[PDB]
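To begin, one chain is listed below as structure tokens, in the form deposited in one PDB entry.
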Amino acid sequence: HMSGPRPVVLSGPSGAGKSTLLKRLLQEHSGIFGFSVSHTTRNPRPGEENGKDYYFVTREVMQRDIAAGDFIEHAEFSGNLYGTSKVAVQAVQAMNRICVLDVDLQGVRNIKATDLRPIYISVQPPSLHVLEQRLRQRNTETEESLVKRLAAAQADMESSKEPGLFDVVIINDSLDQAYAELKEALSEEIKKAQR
């Protein structure tokens, strides 16, 4: 489906601030944005809610849906499966809202190959050390997956500099500043959606 406004793809390393920024955006502008609820096989963290943060499913269920053709894209990240189902995006488009997707770098490259035509925004930590500090001060991950996520962060941090890959790169040093720059990147779309 290509009806509705231009979608927004938000990416960046684990722990960079994607969820925090998107939660703020959906709170302030709940009438114009909607969140694509991805499927994942990873376990929920305290406070996460099925059908809101993710559809938390088993690998068997995820695989059956993949085999059925139910996903726009999927990827393996730090030992678990993640994916954007067709219905997750179509539900937001049906409501005439701007669909916001939170995906990894593989997901960005996957979505580039679709007809979705989004704006691509990368959210970056000030440094890898701040990232690790932020990730560990949450400690929702095993050491093994913290290692994998810190490695993927470096690999994907470099690609944020790839010309033409992202439309905007936002360094999340101060959350208030990053959130202003998020809305700046979307200001024309927000104005159109409001009028």
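Each form is matched to the other, and the largest set of C-alpha atoms that superpose within 1.5 Å is called the rigid core. Shifts are known only where both forms have a C-alpha. Residues carry their position along the shown sequence, with the first being 1.
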- prompt: On average, which has the higher Cα B-factor in the deposited entry, 103-111 or 80-88?
  reply: 103-111
query: Between 36-44 and 56-64, which has the larger average Cα B-factor in the PDB entry?
result: 56-64
query: When you compare the CA B-factors of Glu49, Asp167, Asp70, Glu141 as listed in the entry, which one comes out on top?
result: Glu141
- line: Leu22: CA B-factor among chain residues, third -> middle
query: Should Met95 be placed in the lowest, middle or highest third of its chain by the C-alpha B factor in the entry?
result: middle
task: Tell me, lowest, middle or highest third: where does the Cα B factor of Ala75 rank within its chain?
output: lowest
CA B-factor placement of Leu116, once the chain's modelled residues are sorted into thirds: highest
query: Lowest, middle or highest third: where is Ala185 by C-alpha B factor in its chain?
result: middle
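This next part talks about the form deposited in another entry, which is not shown.
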statement: Superposing on the rigid core between this form and the one not shown, the only one of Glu28, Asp167, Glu144, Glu158 with a Cα displacement of 2 Å or more is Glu144
- request: Sticking with residues common to both forms, list the runs of three or more in a row where every CA moves 2 angstroms or more between this form and the one not shown, core superposed.
  value: 133-148
